[PDB]
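Novice: Below is a structure I'd like to ask you about.
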Amino acid sequence: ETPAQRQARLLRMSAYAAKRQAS
């Protein structure tokens, strides 16, 4: 995995996460 790929995952993960949560 490359820093670009990783950071990208963090953006998407936190993206959908912050947007909505299972609660």
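Here's how to read the names in the structure tokens: chain A, B, ... by the order shown, residue numbers from 1 in each chain, ligand numbers from 1 in the order shown.
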Which of chain A counts as alpha helix (DSSP H) under DSSP, as number ranges by chain please?
Specialist: A: 3-19
Novice: Keeping only C-alpha atoms, take the residues you just selected and write them out as a PDB file, in the first residue's frame.
Specialist:
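What follows is the written file part_34.pdb:
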```
ATOM      1  CA  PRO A   3       0.642   6.720   1.232  1.00  0.00           C
ATOM      2  CA  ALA A   4      -1.686   7.964  -1.504  1.00  0.00           C
ATOM      3  CA  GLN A   5      -3.869   4.856  -1.321  1.00  0.00           C
ATOM      4  CA  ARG A   6      -3.904   4.837   2.484  1.00  0.00           C
ATOM      5  CA  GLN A   7      -4.806   8.515   2.865  1.00  0.00           C
ATOM      6  CA  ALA A   8      -7.495   7.943   0.246  1.00  0.00           C
ATOM      7  CA  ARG A   9      -9.028   5.210   2.392  1.00  0.00           C
ATOM      8  CA  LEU A  10      -8.994   7.480   5.441  1.00  0.00           C
ATOM      9  CA  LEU A  11     -10.860  10.126   3.453  1.00  0.00           C
ATOM     10  CA  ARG A  12     -13.504   7.700   2.190  1.00  0.00           C
ATOM     11  CA  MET A  13     -13.799   5.844   5.500  1.00  0.00           C
ATOM     12  CA  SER A  14     -14.169   8.987   7.603  1.00  0.00           C
ATOM     13  CA  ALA A  15     -16.280  10.451   4.798  1.00  0.00           C
ATOM     14  CA  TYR A  16     -19.108   7.915   4.961  1.00  0.00           C
ATOM     15  CA  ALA A  17     -18.492   7.556   8.696  1.00  0.00           C
ATOM     16  CA  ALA A  18     -18.981  11.219   9.590  1.00  0.00           C
ATOM     17  CA  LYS A  19     -21.824  11.431   7.073  1.00  0.00           C
TER      18      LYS A  19
END
```
